[PDB]
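Right, one structure below, let's go through it.
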Amino acid sequence: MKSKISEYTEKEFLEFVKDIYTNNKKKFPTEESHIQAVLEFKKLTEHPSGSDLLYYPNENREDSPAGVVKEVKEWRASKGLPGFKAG
Amino acid sequence: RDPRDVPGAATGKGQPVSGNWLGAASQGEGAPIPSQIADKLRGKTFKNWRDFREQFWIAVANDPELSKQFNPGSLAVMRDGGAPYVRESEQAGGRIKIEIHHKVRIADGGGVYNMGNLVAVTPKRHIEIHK
Ligand SMILES: [Br-]
Ligand SMILES: [Br-]
Ligand SMILES: [Br-]
Ligand SMILES: [Br-]
Ligand SMILES: [Br-]
Ligand SMILES: [Br-]
Ligand SMILES: [Mg+2]
């Protein structure tokens, strides 16, 4: 799999987050597979809200996969962390 | 297997709950089973505990009142039979989902699928009791 968020393009990362968020069973057929992807998400973003980005999102932004990505992108940019691979 | 992982029928009564049901899962004794869910399940038979858990979260996710308390991400999990993820503040290591605990141990006489014997708890709160 991709190890670091800088290996994803933004579009690729959005599609992974949409898969987790919508519970796409083709990608996560088992509950155990979904849990792993959530743990992978928390690791990749390095964001201090972890899974709350997905399930308990801040009321100051859109509760959606795009809302999640934007929050992550803007937070990492603001900390000087590496960003998405260019598309 | 565990003592709860047994065939049975749901019985018993839940309790009326508020607009933030799972707010109780992180304190005291846990969140009670909502009366509507105890009702929806009453008389249903389960082959094993995972069967019960699956039907329980599907029922929550279909309930007109309780489903308002969960975001679309969470419902996508619950509609499929999965428990919701807890808040980061309530995760306790590898345990990141709401758990259903028996108030009275089955070895001490407790009912396996008696709704008056069940609570929903977060991992952090469960460990506060049992570590
Ligand atoms: Br892109
Ligand atoms: Br979206
Ligand atoms: Br970026
Ligand atoms: Br919680
Ligand atoms: Br459970
Ligand atoms: Br029993
Ligand atoms: Mg317990």
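Naming works like this for the structure tokens: A, B, ... for the chains as they're shown, residue 1 at the start of each chain, ligands 1 onward in shown order.
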
### Within 12 Å of ligand 2, counting only C-alpha atoms and all ligand atoms, residues as a ChimeraX atom specification
/A:11,13-22,54,62-70 /B:72-73

#### Entry: Proximal residues of chain A relative to chain B (only C-alpha atoms; 10 Å) as a PyMOL selection string
chain A and resi 18+20-25+30-32+34-35+38-39+48-57+63-65

### Task
Provide the atom CA of residue A:40 to atom CA of residue A:1 distance in Å, to one decimal place.
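Atom CA of residue A:1 lies 10.1 Å from atom CA of residue A:40.
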
### Task
Could the residues that lie within 9 Å of ligand 1, counting only C-alpha atoms and all ligand atoms, be listed as a list in words?
residues 8, 9, 10, 11, 12, 13, 14, 84, 85, 86 and 87 of chain A

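Restricting the calculation to only C-alpha atoms, the smallest distance between residue B:8 and any of B:123, B:43, B:110, B:30 is found for B:43.
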
### Message
Hey, which residues sit close to ligand 4? Say within 7 Å, counting only C-alpha atoms and all ligand atoms, and write them as a PyMOL selection string.
### Response
chain B and resi 22-23+25-26+86-87+90+122

Could the residues that lie within 10 Å of ligand 7, counting only C-alpha atoms and all ligand atoms, be listed as a PDB file with N, CA, C and O atoms, in the first residue's frame?
```
ATOM      1  N   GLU B  99     -19.056  -0.720  22.629  1.00  0.00           N
ATOM      2  CA  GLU B  99     -19.204  -2.109  23.064  1.00  0.00           C
ATOM      3  C   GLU B  99     -20.469  -2.303  23.888  1.00  0.00           C
ATOM      4  O   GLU B  99     -20.866  -1.449  24.626  1.00  0.00           O
ATOM      5  N   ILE B 100     -21.075  -3.486  23.788  1.00  0.00           N
ATOM      6  CA  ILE B 100     -22.232  -3.858  24.608  1.00  0.00           C
ATOM      7  C   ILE B 100     -21.788  -4.836  25.687  1.00  0.00           C
ATOM      8  O   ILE B 100     -21.211  -5.885  25.341  1.00  0.00           O
ATOM      9  N   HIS B 101     -21.998  -4.438  26.956  1.00  0.00           N
ATOM     10  CA  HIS B 101     -21.542  -5.121  28.222  1.00  0.00           C
ATOM     11  C   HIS B 101     -22.815  -5.611  28.932  1.00  0.00           C
ATOM     12  O   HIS B 101     -23.873  -4.971  28.814  1.00  0.00           O
ATOM     13  N   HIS B 102     -22.674  -6.701  29.678  1.00  0.00           N
ATOM     14  CA  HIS B 102     -23.746  -7.198  30.515  1.00  0.00           C
ATOM     15  C   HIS B 102     -23.607  -6.627  31.912  1.00  0.00           C
ATOM     16  O   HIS B 102     -22.544  -6.694  32.524  1.00  0.00           O
ATOM     17  N   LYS B 103     -24.657  -6.072  32.461  1.00  0.00           N
ATOM     18  CA  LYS B 103     -24.584  -5.545  33.829  1.00  0.00           C
ATOM     19  C   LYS B 103     -24.418  -6.630  34.883  1.00  0.00           C
ATOM     20  O   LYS B 103     -23.589  -6.497  35.780  1.00  0.00           O
ATOM     21  N   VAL B 104     -25.201  -7.691  34.763  1.00  0.00           N
ATOM     22  CA  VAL B 104     -25.062  -8.908  35.584  1.00  0.00           C
ATOM     23  C   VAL B 104     -24.402 -10.034  34.790  1.00  0.00           C
ATOM     24  O   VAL B 104     -24.858 -10.399  33.715  1.00  0.00           O
ATOM     25  N   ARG B 105     -23.315 -10.614  35.310  1.00  0.00           N
ATOM     26  CA  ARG B 105     -22.570 -11.611  34.558  1.00  0.00           C
ATOM     27  C   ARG B 105     -23.491 -12.743  34.299  1.00  0.00           C
ATOM     28  O   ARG B 105     -24.335 -13.068  35.143  1.00  0.00           O
ATOM     29  N   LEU B 118     -28.343  -5.137  29.445  1.00  0.00           N
ATOM     30  CA  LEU B 118     -27.339  -4.594  28.528  1.00  0.00           C
ATOM     31  C   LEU B 118     -27.112  -3.101  28.663  1.00  0.00           C
ATOM     32  O   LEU B 118     -28.021  -2.330  28.893  1.00  0.00           O
ATOM     33  N   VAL B 119     -25.857  -2.724  28.533  1.00  0.00           N
ATOM     34  CA  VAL B 119     -25.470  -1.307  28.359  1.00  0.00           C
ATOM     35  C   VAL B 119     -24.480  -1.109  27.185  1.00  0.00           C
ATOM     36  O   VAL B 119     -23.689  -1.981  26.865  1.00  0.00           O
ATOM     37  N   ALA B 120     -24.483   0.088  26.574  1.00  0.00           N
ATOM     38  CA  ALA B 120     -23.539   0.436  25.552  1.00  0.00           C
ATOM     39  C   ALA B 120     -22.537   1.297  26.299  1.00  0.00           C
ATOM     40  O   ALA B 120     -22.942   2.273  26.946  1.00  0.00           O
ATOM     41  N   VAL B 121     -21.268   0.915  26.157  1.00  0.00           N
ATOM     42  CA  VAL B 121     -20.140   1.650  26.769  1.00  0.00           C
ATOM     43  C   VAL B 121     -19.024   1.944  25.804  1.00  0.00           C
ATOM     44  O   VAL B 121     -18.748   1.174  24.895  1.00  0.00           O
ATOM     45  N   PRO B 123     -14.940   2.047  25.123  1.00  0.00           N
ATOM     46  CA  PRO B 123     -13.759   1.322  25.620  1.00  0.00           C
ATOM     47  C   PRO B 123     -13.108   1.975  26.855  1.00  0.00           C
ATOM     48  O   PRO B 123     -12.812   1.297  27.874  1.00  0.00           O
ATOM     49  N   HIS B 126     -15.312   1.271  29.829  1.00  0.00           N
ATOM     50  CA  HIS B 126     -15.264  -0.120  30.250  1.00  0.00           C
ATOM     51  C   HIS B 126     -14.015  -0.472  31.036  1.00  0.00           C
ATOM     52  O   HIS B 126     -14.064  -1.107  32.087  1.00  0.00           O
ATOM     53  N   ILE B 127     -12.885  -0.059  30.537  1.00  0.00           N
ATOM     54  CA  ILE B 127     -11.630  -0.333  31.190  1.00  0.00           C
ATOM     55  C   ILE B 127     -11.539   0.320  32.565  1.00  0.00           C
ATOM     56  O   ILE B 127     -10.814  -0.216  33.429  1.00  0.00           O
ATOM     57  N   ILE B 129     -13.772   0.397  34.666  1.00  0.00           N
ATOM     58  CA  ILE B 129     -14.432  -0.543  35.575  1.00  0.00           C
ATOM     59  C   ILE B 129     -13.639  -1.844  35.853  1.00  0.00           C
ATOM     60  O   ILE B 129     -13.612  -2.339  36.998  1.00  0.00           O
ATOM     61  N   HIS B 130     -13.019  -2.385  34.807  1.00  0.00           N
ATOM     62  CA  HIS B 130     -12.564  -3.796  34.772  1.00  0.00           C
ATOM     63  C   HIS B 130     -11.054  -4.079  34.744  1.00  0.00           C
ATOM     64  O   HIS B 130     -10.680  -5.251  34.785  1.00  0.00           O
TER      65      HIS B 130
END
```

Exercise answer, 10 Å around ligand 6 with only C-alpha atoms and all ligand atoms, as an mmCIF file with N, CA and C atoms, in the first residue's frame:
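Result file out32.cif:
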```
data_model
loop_
_atom_site.group_PDB
_atom_site.id
_atom_site.type_symbol
_atom_site.label_atom_id
_atom_site.label_comp_id
_atom_site.auth_asym_id
_atom_site.auth_seq_id
_atom_site.Cartn_x
_atom_site.Cartn_y
_atom_site.Cartn_z
ATOM 1 N N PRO B 3 -19.323 -16.607 27.383
ATOM 2 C CA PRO B 3 -20.651 -16.975 27.897
ATOM 3 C C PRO B 3 -21.840 -16.328 27.164
ATOM 4 N N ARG B 4 -21.581 -15.229 26.469
ATOM 5 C CA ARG B 4 -22.644 -14.469 25.825
ATOM 6 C C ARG B 4 -22.856 -14.998 24.412
ATOM 7 N N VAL B 6 -24.018 -17.384 22.542
ATOM 8 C CA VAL B 6 -24.943 -18.469 22.787
ATOM 9 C C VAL B 6 -26.269 -18.139 22.088
ATOM 10 N N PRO B 7 -27.070 -19.149 21.769
ATOM 11 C CA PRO B 7 -28.397 -18.864 21.210
ATOM 12 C C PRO B 7 -29.404 -18.346 22.222
ATOM 13 N N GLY B 8 -30.321 -17.522 21.734
ATOM 14 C CA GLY B 8 -31.289 -16.906 22.629
ATOM 15 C C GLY B 8 -32.247 -16.009 21.895
ATOM 16 N N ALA B 9 -33.163 -15.468 22.668
ATOM 17 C CA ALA B 9 -34.153 -14.585 22.170
ATOM 18 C C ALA B 9 -34.043 -13.310 22.988
ATOM 19 N N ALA B 10 -34.231 -12.203 22.303
ATOM 20 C CA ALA B 10 -34.256 -10.931 22.983
ATOM 21 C C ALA B 10 -35.504 -10.797 23.847
ATOM 22 N N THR B 11 -35.326 -10.335 25.044
ATOM 23 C CA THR B 11 -36.475 -10.029 25.863
ATOM 24 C C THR B 11 -36.215 -8.810 26.675
ATOM 25 N N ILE B 106 -23.341 -13.332 33.125
ATOM 26 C CA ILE B 106 -24.144 -14.489 32.755
ATOM 27 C C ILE B 106 -23.867 -15.651 33.731
ATOM 28 N N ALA B 107 -22.604 -15.832 34.122
ATOM 29 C CA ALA B 107 -22.248 -16.791 35.194
ATOM 30 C C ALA B 107 -22.911 -16.493 36.542
ATOM 31 N N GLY B 109 -26.095 -15.347 36.750
ATOM 32 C CA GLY B 109 -27.552 -15.398 36.553
ATOM 33 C C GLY B 109 -28.052 -14.445 35.497
ATOM 34 N N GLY B 110 -27.179 -13.631 34.904
ATOM 35 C CA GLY B 110 -27.645 -12.567 34.035
ATOM 36 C C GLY B 110 -28.188 -13.102 32.725
ATOM 37 N N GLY B 111 -29.096 -12.321 32.130
ATOM 38 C CA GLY B 111 -29.695 -12.709 30.844
ATOM 39 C C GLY B 111 -28.783 -12.273 29.723
ATOM 40 N N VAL B 112 -28.572 -13.164 28.795
ATOM 41 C CA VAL B 112 -27.678 -12.891 27.656
ATOM 42 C C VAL B 112 -28.284 -11.810 26.719
ATOM 43 N N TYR B 113 -29.546 -11.997 26.326
ATOM 44 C CA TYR B 113 -30.258 -11.031 25.451
ATOM 45 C C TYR B 113 -31.448 -10.354 26.139
ATOM 46 N N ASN B 114 -31.387 -10.233 27.458
ATOM 47 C CA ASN B 114 -32.344 -9.471 28.238
ATOM 48 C C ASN B 114 -31.938 -8.039 28.111
ATOM 49 N N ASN B 117 -30.375 -6.082 30.911
ATOM 50 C CA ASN B 117 -29.080 -6.468 31.371
ATOM 51 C C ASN B 117 -27.975 -5.830 30.516
#
```

### Task
Would you return as a count of residues only the members of chain B that DSSP assigns to alpha helix (DSSP H) on this structure's backbone?
36

### Task
Measure the distance from atom CA of residue B:14 to atom CA of residue B:66 in Å and round it to one decimal.
13.9 Å

### Message
Run DSSP on the backbone and tell me which residues of stretch 8-92 of chain B come out as strand (DSSP E or B); list them as a list in words.
### Response
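In stretch 8-92 of chain B, DSSP puts these residues in strand (DSSP E or B): residues 8, 9, 11, 15, 31, 32, 34, 45, 46, 85 and 92 of chain B.
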
### Message
I'd like the contact shell of residue A:76 - 9 Å cut-off, only C-alpha atoms, skipping same-chain residues fewer than 6 positions apart - returned as an MDAnalysis selection string.
### Response
chainID A and resid 45:47 82:83

### Query
Looking at B:68, B:39, B:52, B:128, which one is nearest to ligand 5, with distances taken over only C-alpha atoms and all ligand atoms?
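Answer, going by the shortest atom-to-atom distance: B:52.
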